[PDB]
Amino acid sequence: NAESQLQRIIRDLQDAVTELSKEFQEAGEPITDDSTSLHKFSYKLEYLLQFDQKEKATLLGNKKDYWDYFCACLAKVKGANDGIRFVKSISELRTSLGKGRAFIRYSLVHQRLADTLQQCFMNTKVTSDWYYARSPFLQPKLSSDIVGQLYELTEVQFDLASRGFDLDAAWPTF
């Protein structure tokens, strides 16, 4: 059911990763915002990040999302919070969704995504507080598959712009 849809999305993430690796190889230069495969990657990773996510909010009712999970895992982990601090310094980002997208893109630019997510999923305590059972992040068999795919991006360069779009509204398309 949901299991079969999960599995498909994990494969989609893999196909997006391979696409980016091929596009990189083909282009002979860093991936840019007009890559439809970066776009697909972004959406598949976000799907996974939102999958079986527990619902949470601030005391004023604003929505928390995976950005808030990343902060809980990493904001105080020395060495691990460069991207947390970067996104916290962007005044334009108004929502947890948008902040989380910025963090993913920062991580891609700096070739740290896999390592950062691996570090999140290692925190079993926080991950269990944010996710229901079927989340791949609670299952190494599945979480290392996803992390594994991500390590192939550790060698792909991304030259992603820092402005020219509104992440609170949408992933960039060019």
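Numbers follow the displayed sequence, beginning with 1.
Trainee: Which wins on mean Cα temperature factor, 129-137 or 36-44?
Mentor: Stretch with the greater average CA B-factor: 129-137.
Trainee: 97-105 versus 68-76: which one carries the higher mean Cα B factor per the record?
Mentor: Comparing 68-76 with 97-105, the higher average CA B-factor belongs to 68-76.
Trainee: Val17: which third of its chain by C-alpha temperature factor?
Mentor: Ranked within chain, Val17 CA B lands in the middle tercile.
Trainee: Can you tell me which third, lowest, middle or highest, the CA B-factor of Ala114 falls into for its chain?
Mentor: Within its chain, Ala114 is a lowest-third residue by C-alpha B-factor, going by the deposited values.
Trainee: Ranking the modelled residues of this chain by C-alpha B-factor as given in the entry, is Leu142 in the lowest, middle or highest third?
Mentor: Middle third of the chain for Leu142's C-alpha B-factor.
Trainee: Where does the C-alpha B-factor of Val156 rank in its chain, lowest, middle or highest third?
Mentor: Top third by C-alpha B-factor.
Trainee: Could you place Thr58 in the lowest, middle or highest third of its chain by Cα temperature factor, using the values in the record?
Mentor: Highest third of the chain for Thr58's C-alpha B-factor.
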